[PDB]
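Fold and geometry: a report
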Amino acid sequence: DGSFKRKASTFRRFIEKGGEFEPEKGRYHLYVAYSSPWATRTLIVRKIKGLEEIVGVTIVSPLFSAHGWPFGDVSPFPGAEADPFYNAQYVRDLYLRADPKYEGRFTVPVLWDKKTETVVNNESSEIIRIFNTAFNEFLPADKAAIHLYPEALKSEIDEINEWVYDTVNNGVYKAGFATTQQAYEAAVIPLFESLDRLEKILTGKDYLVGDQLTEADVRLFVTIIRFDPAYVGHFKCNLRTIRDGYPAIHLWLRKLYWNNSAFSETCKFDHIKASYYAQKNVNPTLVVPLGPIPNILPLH
Amino acid sequence: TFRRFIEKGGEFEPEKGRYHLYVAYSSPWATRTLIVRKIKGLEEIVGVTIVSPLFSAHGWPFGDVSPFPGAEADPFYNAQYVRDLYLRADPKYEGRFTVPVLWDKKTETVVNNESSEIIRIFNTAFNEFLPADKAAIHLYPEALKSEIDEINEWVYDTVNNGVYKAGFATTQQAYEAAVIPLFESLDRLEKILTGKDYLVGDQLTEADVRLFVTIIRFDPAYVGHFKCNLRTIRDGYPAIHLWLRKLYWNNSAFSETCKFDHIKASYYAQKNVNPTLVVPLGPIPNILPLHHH
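Method information in the entry identifies X-ray crystallography as the source of the structure, with 1.850 Å recorded as the resolution.

Structural notes on the pairing of strand β3 (residues 101–104) of chain B
All names here are of chain B. Where burial is concerned, the two faces of β3 agree: the one with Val-101 and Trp-103 and the one with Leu-102 and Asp-104 are both buried. Direction of pairing for β3 relative to strand β4 (residues 109–112): antiparallel, over a ladder of three bridges. In the sheet register, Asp-104 faces β4, and the bridge partner there is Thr-109. In this structure, the hairpin formed by β3 and β4 is closed by a connection of four residues, where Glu-108 is found at a positive phi of approximately 55 degrees.

Examining the side chain of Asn-283 of chain A
Along the chain, the position of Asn-283 of chain A falls in the segment after α13 (269–277). Take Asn-283 of chain A: its relative accessible area is 3%, and that puts it in the buried class. A polar contact is formed between the side chain of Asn-283 of chain A and the side chain of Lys-227 of chain B, at a distance of 2.7 Å. Sequence-distant contacts of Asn-283 of chain A, defined by excluding residues within four places in its chain, comprise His-234 and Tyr-277 of chain A together with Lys-227 of chain B.

Overview of the packing of helix α5 (residues 154–169) of chain A against helix α8 (residues 215–224) of chain A
Two packed helices can be described by the angle between their axes and the distance between those axes. All names here are of chain A. Closest axis-to-axis distance for the α5/α8 pair is 10 Å, and the angle between their directions is 15 degrees. Regarding the angle of α5 to α8, the classification is roughly parallel. Here α5 and α8 pass one another in a crossing that is left-handed. Only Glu-215, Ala-216, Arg-219, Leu-220, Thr-223 and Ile-224 of α8 make contact with α5, whose side of the interface consists of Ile-157, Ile-160, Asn-161, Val-164, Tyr-165, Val-168 and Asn-169. Here the contact of α5 with α8 is built from residues that sort into eight nonpolar, three polar and two charged.

A word on the interface of chain B and chain A
Of the residues lining the interface, 27 residues belong to chain B; the matching set on chain A comes to 28 residues. Both sides together, the interface formed by chain B and chain A hides about 2,200 Å², and carbon and sulfur atoms give 59% of it. On the chain B side of the contact with chain A, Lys-227, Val-278 and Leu-281 of chain B bury the most area, a combined 25% of that side's loss. Between the two partners, chain B and chain A, sit zero salt bridges. The tally of links between chain B and chain A comes to 10 residue pairs in polar contact. The element that contributes the greatest number of residues to the side of chain B that touches chain A is helix α7 (residues 172–192) of chain B, accounting for five residues.

Quick look at helix α1 (residues 37–48) of chain A
All names here are of chain A. Compared with an ideal rise of 1.5 Å per residue, which puts 12 residues at 16 Å, α1 spans 16 Å between its outermost C-alpha atoms and is within 8% of the ideal. Where burial is concerned, most of α1 is hidden: 11 out of the 12 residues are buried. What α1 keeps buried is the set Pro-37, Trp-38, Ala-39, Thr-40, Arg-41, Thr-42, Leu-43, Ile-44, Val-45, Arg-46 and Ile-48.

Observations regarding the pattern of salt bridges
Under the counting rule described, the total for this entry stands at 31 salt bridges over all chains. The salt bridge partner of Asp-187 of chain B is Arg-231 of chain B, with a shortest N-O separation of 3.6 Å. Taken together, the residues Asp-187 of chain B in helix α7 and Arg-231 of chain B in the loop between α9 (218–222) and α10 (233–236) connect sequence positions 44 residues apart. Since its relative accessible area comes to 25%, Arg-231 of chain B is described here as partly exposed. Connected through salt bridges with shared partners, the residues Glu-24, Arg-27, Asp-113 and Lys-115 of chain A form a single ionic network.

What counts and how
Throughout, residue numbers begin from 1 within each chain and advance along the sequence as written. They need not agree with those in the entry, and any residue without coordinates is left out. Here every chain gets a letter starting at A, and every ligand a number starting at 1, in the order they are written. Values shown for side chains rest on all heavy atoms present in the structure; no hydrogens or waters enter the calculation. Each residue's exposure class comes from its accessible area (1.4 Å probe, protein chains only) as a fraction of the maximum for that residue type: buried when under 20%, exposed when over 50%, partly exposed otherwise. Note on conventions: DSSP H or I runs of at least 4 residues are helices, E runs of at least 2 residues are strands, and numbering of each starts at the N terminus. When DSSP locates at least two bridges between a pair of strands, those strands are taken to pair. Any N or O atom pair separated by 3.5 Å or less is treated as a polar contact, with the protein-specific requirement of one donor-capable and one acceptor-capable atom, and with residues adjacent in sequence counted only for side-chain atom pairs. The criterion used for residue contact is that any of the two residues' heavy atoms lie within 4.5 Å. Axis definition: a line fitted to C-alpha atoms, limited for helices to the stretch in contact. Angles are taken between N-to-C directions and run from 0 to 180 degrees. In what follows, roughly perpendicular refers to angles from 65 to 115 degrees, roughly parallel to angles under 35, roughly antiparallel to angles over 145, and oblique to any angle outside these ranges. Left-handed is the label given to a crossing in which the near helix is rotated counterclockwise from the far helix by less than a right angle, and right-handed is the label when the rotation is clockwise. Under the scheme applied here, ten amino acids are nonpolar (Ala, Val, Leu, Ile, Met, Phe, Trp, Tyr, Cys and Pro), four are charged (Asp, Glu, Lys and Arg), and all others, including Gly, are polar. Note on definitions: buried area is the accessible-area loss of two parts on being combined, 1.4 Å probe, summed for both. In the sections that follow, a salt bridge refers to a side-chain nitrogen of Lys or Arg positioned within 4 Å of a carboxyl oxygen of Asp or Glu. Multiplying 1.5 Å by the helix residue count minus one yields the expected span of that helix.

Encoded structure:
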């Protein structure tokens, strides 16, 4: 074999009036790692939707261990944080509190319910969609109206998401975790084919769909912002770089980062690089490269 | 302790078909001697055997031991590894079994295994066998020697060797202490080569050859494998990049001796650094065309 096969997510519940998980302020909490593109999706949207005082956040240590994601008191790292609520030591401890028999993966992000002490949802694609509407009664009308998956654009969003997810978001991982030459090449080639395609899409455009920010942008962004800083080297995704091989992706990427604080404030390059280059099975020296300089170039 | 020369009346008389280079295409050190062999028109005067780029626990294997396209078997002694040659010259040799080897087939010994000396041998030792345009070439001429020495000193320590100091560092502190002066030296070179074709004296010299063998491997291997990645040549250093592309594309000595598959295969086969042993498909291309901007 040699190819990476991502395991789907198992906690797949929603936050709905009159449902199992009623919308409430101060009840739900996100556990995340800044290094995770998946978890960062939820940080971005939480800020886009003005949810910072409605949904809590805890930043786990980026130093993924044999026990999984440690909390910040266990593996200190600047900006990492201790678990506020259960004296958990590793994210696994949250899952096994929700269900001591759980045998999925102990992934971030976790959208947690502090009332019943369980995982509402650990699928980042669903969490950000929960955020479009579930907490709207707690928001001003104009912030409530924000929606990154609007009905008029949904079919175009879904169409781009499908291959972006398969060949780019997961593609970097299929390339980087490959353990045979053949599996690596079978992942890296479609990755860059999809980047070539995105480049044409973003030529002369500020957003992927409808000339406005959508979740398609958020989902692509979290991969591309990590690309030159970590994927190119650590994961060998190196046919070309964003900054010198893809000027339309590069301009789209820099406008989002420099002009929308939801994208820069949730972007911790030290967390990102520390995480990937701590992966012993790929980088046994554990050295963290000093470049690229800069992590992201200015918007000029 | 193999630091001998080829001189008329010396221990090793200049002769056609007598001296042989054992090299790996991946080695910058060995590739210096391939470049100068082509520069001086010595291809049919001094032979070459290409060892496998797949460095092993026994060192450099020959192409029949570890096959790779273009890697050859040893034509003279059925050697399996380069060490076998050294130990033929001296069964007690306890140095490193490095390429390049400048070998004398007559007495079966190592003449010289210092690349910086081999290429200087090549400037004159075989001139009687050369046409006049090739005999006249000298890459370490007296009028430029002091400047060539000056540049060579820091290029050798911080650039030629520096990629290795960074890449084989095992502590963050050691890696940083090597990669920073490396890029400081590239910054310096960038200044030297702005508006210039050559490092020293508006003519090709060994200074160019000794730098080229590192810079040509930079984007294809040192950036990723050795984490020499503050910036790239092609995106970070336009004056170096132009000088590199001019030498590669305008001078067959530099391109025909440059086998990117050997280069990448050797470095990414280093399991201590790259345990998956996977070889990246990029960067594409290995070197950009001369008229690229």
